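In case you want the letters, here they are:
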Amino acid sequence: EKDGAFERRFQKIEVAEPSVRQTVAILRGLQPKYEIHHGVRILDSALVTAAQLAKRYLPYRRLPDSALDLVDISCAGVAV
Amino acid sequence: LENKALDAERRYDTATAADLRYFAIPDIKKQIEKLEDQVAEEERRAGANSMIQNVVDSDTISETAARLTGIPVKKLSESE
Amino acid sequence: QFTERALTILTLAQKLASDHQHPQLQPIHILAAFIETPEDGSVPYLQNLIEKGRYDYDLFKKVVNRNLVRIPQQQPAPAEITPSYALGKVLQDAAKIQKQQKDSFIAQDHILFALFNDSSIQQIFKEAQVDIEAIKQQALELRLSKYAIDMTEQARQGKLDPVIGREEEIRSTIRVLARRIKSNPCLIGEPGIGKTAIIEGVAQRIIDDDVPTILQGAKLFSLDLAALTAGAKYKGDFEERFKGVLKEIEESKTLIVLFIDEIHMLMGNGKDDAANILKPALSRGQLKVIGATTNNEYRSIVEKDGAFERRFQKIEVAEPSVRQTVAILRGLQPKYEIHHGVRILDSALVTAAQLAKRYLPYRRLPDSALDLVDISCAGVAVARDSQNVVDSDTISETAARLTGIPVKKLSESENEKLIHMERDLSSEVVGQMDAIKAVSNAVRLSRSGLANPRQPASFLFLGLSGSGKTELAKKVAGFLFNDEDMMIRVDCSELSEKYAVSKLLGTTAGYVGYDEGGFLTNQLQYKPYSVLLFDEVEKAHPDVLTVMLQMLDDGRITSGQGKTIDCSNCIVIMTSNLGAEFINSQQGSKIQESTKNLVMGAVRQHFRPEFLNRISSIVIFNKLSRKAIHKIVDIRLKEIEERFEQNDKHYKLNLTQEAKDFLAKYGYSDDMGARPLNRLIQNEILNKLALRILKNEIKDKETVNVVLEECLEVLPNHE
Ligand SMILES: Nc1ncnc2c1ncn2[C@@H]1O[C@H](COP(=O)(O)OP(=O)(O)OP(=O)(O)O)[C@@H](O)[C@H]1O
Ligand SMILES: Nc1ncnc2c1ncn2[C@@H]1O[C@H](COP(=O)(O)OP(=O)(O)OP(=O)(O)O)[C@@H](O)[C@H]1O
């Protein structure tokens, strides 16, 4: 509204929150980065769980990140 | 190794990518598998390696989500 | 290749040889050009590289005049035979100098240099060293390209996109420039209209000789910003660069026209005469300047200034019509075909312009059209790996790729994609297909390009609680948007007299909040197409039901910040239980004649006719009778199992006829609808399940059954 220039100089791309299934795929893609950083192992069901829990319990933080918070935090819990 | 192989592919040095895509990368994969077998349960204990908590979907993550949001449902406690 | 100054000096060398009746051109003749005039301002003669460098200009003057006298008088026919290798070399060396100096054009100084570098006095009567460094020093200290781009030269070199229609504002521009006092036209209007395009159009008129001489010879430049500020470090150096340029354009070189695209770049900072003012200050000395600004920027600066207003002519620039827009697309068509190496159909240019209007309320026709064309061409350029731009499919697809607008998908599997909505939605929504048809009809009209562009489809769903009014809206959001929750259900019943910004009404600037209609207006703005539903419209305060008239007809949506969305490509669902008093008469599961009039009667007595008149159709949904809920119970149980996270165990769902019947008879009433069914399944089936789960005894699979009421099994695998 305040601009009216940049507004016209780029393509608006809406970025939707990924589905829970996509989120799990993300979590799986990142699984080794968590395991390597933390020096821990995780379950595949853990990845599934984080995506689902985030969908259910963190409605102010979108999935990818919310689920990853659960993963990272969980891994940190274990690392400690 | 995958990053190196991938770099070789983007460098158009595919032959050196092959040096890793074949043999080395799957060897490390197999080393990982062998290590998991070493970690795996023994007749004397539920997992050879006790410290690995294997970030458990419930015991670690549904628990973590509860540590962050309370959401007592995900405690899944025997106290029911 | 050469500046006008360099061409003048060389030309004079040639013509002086003609005037002096001299054969082959010599270094002497270029030196003659140097001393061609008494004007001190001529660097080649008095304010020289020689005179302010190392030697008396007279020394050189006499070298040349002695030599000019010395060369014998020829027949006029050979008087200037050829530059030969001698002047060829000087001009070539001037080019070598450009390369060394990184100069885009040959300067008269490069000619002075190159000639001097090659030359030597040919006779004992005068002597002087070619003091190369002195002549360079003096050249470097003398004489806009440092601060601006020569738009005219770029145009001479092509690098320009032709215009259509805007010729009239160009003619106005020329007419203003031709003025003796207020010589500065300014292009004012919406972004994307073509104001830059106009200034290029001006460059074309200069290039094409369509301009009266007093403007015809003008050199048009792209000014400031970088030169203005990037070139700045300290107080006053803006004014220095300004003054420098202004002086340059004030004299000698016929005329130079400066162009300022974004005038907002000036106006100082709260004025304070923070440099900007120098231009207005000197503006009386003709200083032909063309400027431009967004109408709202104009506003934000005209309101503050008043000074520049007496220097410039305000010119509104009109937006071209769709057909005119097509003409620009046609004019630029070859630019686009060249840009990407693709062909484009004329019909594509046409559909792009028309469709673009329909598509983009936030783009002017020339942007929206050029966007579809350049985007499509770019899309095709990717497809170059396989193509060309298609009027129908390419335009439809790139528009849809970017805005979704599924109406343009025109899928090859139309059987599912709309034709069988009656079957697909009946499966999801059990009940009269007519409710379903009302929606599918609207949808089909939107896909076929038939839906009236001035009326977002809208329906009023009359029913009982538990009827599935919302359910239908969600299921069509499911079918159509691939997301049942994409839709915005609206709390219109929760609406008193304050009902502004939390609702579509938005909020007024100057009052707290510059964020408005979040739930509705902003999301409606954000989503290129959508589903909007109003919950219990009969309970809403009538003032908003009145506001709704704005988009119930037209589809037009305007916010408290005055912004417009116009979602005529969306579907709207209004719901009410207002007619429930007559629906509850039970006169047919689907309400029959006369009774339906009483159902609608309540609607007609309650709502202003105006509300009602703008609804595509008012629909009464049949009570979902017990024989029908039979299906939803089985369906619902399927959905229930599917909603339970990961499918690790889950039911075999052996309701047996007894639980099918218990659910049908206990969880349903003609006066409560289907709602109690969900409550019942959960109250008994899921609660008992929860007990088996609670105990953490279930090992694998779950079973539904009865005790002769509803009752679950326990597995032989647990306690
Ligand atoms: N006659 C025309 N009308 C509109 N656009 C044109 C025309 N001819 C060429 N164009 C192209 O369309 C675009 C018009 O953009 P222009 O810069 O004039 O918009 P604007 O009015 O300057 O607003 P802005 O400041 O967002 O550029 C240019 O990119 C130009 O190449
Ligand atoms: N036609 C149907 N097909 C399948 N399920 C249905 C149908 N109608 C109702 N249901 C069930 O009942 C509920 C649908 O009710 P809905 O959300 O439309 O409430 P409603 O009819 O708008 O009443 P309200 O006005 O009190 O919100 C859902 O939970 C759904 O399981």
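Calculation criteria
- Residues numbered from 1 in each chain as written, not as in the entry; some residues may be left out.
- Chains lettered and ligands numbered in written order.
- Part of a larger assembly, values for the part shown.
- Heavy atoms only, no water.
- Residues with missing side-chain atoms left out of burial classes, pairs and counts.
- UniProt positions renumbered as here; feature names shortened; annotations may be inferred.
- Near = heavy atom within 4 Å.
- Polar contact = N/O pair within 3.5 Å; in protein donor to acceptor, adjacent residues only side chain to side chain.
- Helix = DSSP H or I, 4+ residues; strand = E, 2+ residues; numbered from the N terminus.
- Pairing = 2+ DSSP bridges.
- Axes fitted to C-alpha atoms, helices over the stretch in contact; angles between N-to-C directions.
- Contact = heavy atoms within 4.5 Å.
- Areas by Shrake-Rupley, 256 points an atom, 1.4 Å probe, with all protein chains shown as cover.

Structure determination for this entry, per the PDB record, employed cryo-EM and reached 7.7 Å resolution.

The name recorded for chain C in the PDB entry is Heat shock protein 104, from Saccharomyces cerevisiae. According to the UniProt record, the Subunit comment for chain C is "Homohexamer, forming a ring with a central pore. The hexamer is stabilized by high protein concentrations and by ADP or ATP. Oligomerization influences ATP hydrolysis activity at NBD2. Interacts with YDJ1. Interacts (via C-terminal DDLD tetrapeptide) with CNS1, CPR7 and STI1 (via TPR repeats); under respiratory growth conditions." Its UniProt record gives chain C a comment under Sequence similarities, which states: "Belongs to the ClpA/ClpB family."

Looking at the PDB entry, one finds chain B named Heat shock protein 104 and attributed to Saccharomyces cerevisiae.

Student: Got a minute to help me understand the site of ligand 1 in this structure?
Tutor: Residues and elements named next belong to chain C. Near ligand 1, the surroundings consist of 16 residues, among which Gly192, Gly194, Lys195, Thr196 and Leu370 are the closest. Contacts to ligand 1 include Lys195, whose backbone N or O atom sits 2.9 Å from an oxygen atom. Secondary-structure elements contributing two or more residues to the shell around ligand 1 are helix 9 (195-207), helix 15 (322-340) and helix 17 (365-383). Tallying contributions element by element places helix 9 first for the shell around ligand 1, with three residues.

Student: Looking at this structure, I do not really get the sheet that holds strand 3 (residues 219-223) of chain C. What am I missing?
Tutor: Across a sheet, strands are paired by hydrogen bonds formed along the backbone, either parallel or antiparallel in direction. All names here are of chain C. Reading across from one edge, 1-3-4-5-2-6 is the order of the six strands in this open sheet, with mixed pairing throughout. A strand with exactly one partner marks an edge of an open sheet, and here the two such strands are strand 1 (148-150) and strand 6 (312-316). When the angles between neighbouring strand axes are averaged without regard to direction, this sheet yields 25 degrees. In terms of strand pairing, strand 2 (residues 184-189) meets strand 5 (residues 289-294) through four bridges, oriented parallel. Looking at the pairing, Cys186 lines up with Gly291 of strand 5. Lying over the sheet, helix 8 (residues 167-177) contacts strand 2, strand 4 (256-260), strand 5 and strand 6, oriented at roughly 170 degrees with respect to strand 6. With respect to the sheet, helix 9 is in contact with strand 2, strand 3, strand 4 and strand 5, its orientation differing from that of strand 2 by roughly 145 degrees.

Student: Is there a simple way to think about the site of ligand 2 in this case?
Tutor: Residue and element names in this part refer to chain C. Contacts to ligand 2 come from 15 residues, most closely from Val430, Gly468, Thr470, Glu471 and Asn678. Within the backbone of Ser467, an N or O atom sits 3.2 Å from an oxygen atom of ligand 2. Within the side chain of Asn678, one N or O atom sits 2.7 Å away from an oxygen atom of ligand 2. Starting from 630 Å² of accessible surface for ligand 2 in isolation, the protein chains cover 77%. Examining the composition of the shell around ligand 2, we find that three residues originate from one element, helix 22 (residues 469-481), more than from any other.

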